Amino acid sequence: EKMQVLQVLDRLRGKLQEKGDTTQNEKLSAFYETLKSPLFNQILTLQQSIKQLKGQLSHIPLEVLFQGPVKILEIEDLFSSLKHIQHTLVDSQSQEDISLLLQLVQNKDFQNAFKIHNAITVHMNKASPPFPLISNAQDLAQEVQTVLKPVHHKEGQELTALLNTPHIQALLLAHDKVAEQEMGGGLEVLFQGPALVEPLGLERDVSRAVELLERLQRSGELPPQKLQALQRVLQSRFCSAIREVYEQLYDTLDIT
């Protein structure tokens, strides 16, 4: 028979179906896949078997020999889901099963193997690197503003204010600098002075600008071309990668 923990995840996902929740089933499945993956298993066995193994192991290209999953889950979300489920399934077996899973996630070797696994997999689970949809997003944003200025549209006023914020300005600058690819960098401008904002604030403003651009094209009271273009730049894989990487960088900031 397969590992008890895998059988446990099977039962739990089924019981959540019967309970009619299933909001946690996809995370439980990403957990199963990590538990099952050849890469994670080898890492765990190493962690458990050889205590002298010290420091970071994620710089070792274990993936050359061992397949891993495409989806990564953060340990805190995983803990979070297990706890939610613990409040959700009140039956004897489920309570016992969830206890088992919570114990496993608490285990120090499990936690290190998980961190190493995710640090390797984040490099191996990506599709093709994105390319910028334009080279001058800052110029495009200014052209959108000029188009909007005469309109007196209130959503237009909101949009030009958003496009004028330090962090949106920094996003567009970062976009154009990274697009140069021989400009060396670009991401650092998102961390300078007033440009620095919580990734959620950044995301909310980018999402809002996109919403306003859409509404403004729906109005039919100005030429749509540049609005559509800026919308697609903001939604582009390239711009999305810049924002994803920003969030990850922000998360590692150490304020002493």
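Counting begins at 1, following the sequence as shown.
> According to the deposited model, is the average Cα temperature factor higher in 72 to 80 or in 149 to 157?
Replying inline: Stretch with the higher mean C-alpha B-factor: 149 to 157.
> Taking only the CA atoms, which stretch has the higher mean B-factor in the record, 84 to 92 or 101 to 109?
Replying inline: So the stretch with the higher mean C-alpha B-factor is 84 to 92.
>> Highest recorded C-alpha temperature factor, please, choosing from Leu222, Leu213, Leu202, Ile43.
In response: Of the options given, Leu222 has the highest CA B-factor in the PDB entry.
> Is the Cα B-factor recorded for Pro166 in the lowest, middle or highest third of its chain?
Replying inline: CA B-factor rank for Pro166: middle third.
> Taking the entry's C-alpha B-factors for this chain, is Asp10 in the lowest, middle or highest third?
Replying inline: Its C-alpha B-factor, which the entry lists for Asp10, ranks in the middle third among residues of this chain.
> Lowest, middle or highest third: where is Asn136 by C-alpha B factor in its chain?
Replying inline: It belongs to the middle third of the chain when residues are ordered by C-alpha B-factor.
> According to the PDB entry, is the CA B factor of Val122 in the bottom, middle or top third of its chain, that is, lowest, middle or highest?
Replying inline: As the PDB entry reports it, the C-alpha B-factor of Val122 lands in the middle third of its chain.
>> Can you tell me whether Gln67 has a C-alpha B-factor in the lowest, middle or highest third compared with the other modelled residues of the same chain?
In response: Ranked within chain, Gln67 CA B lands in the lowest tercile.
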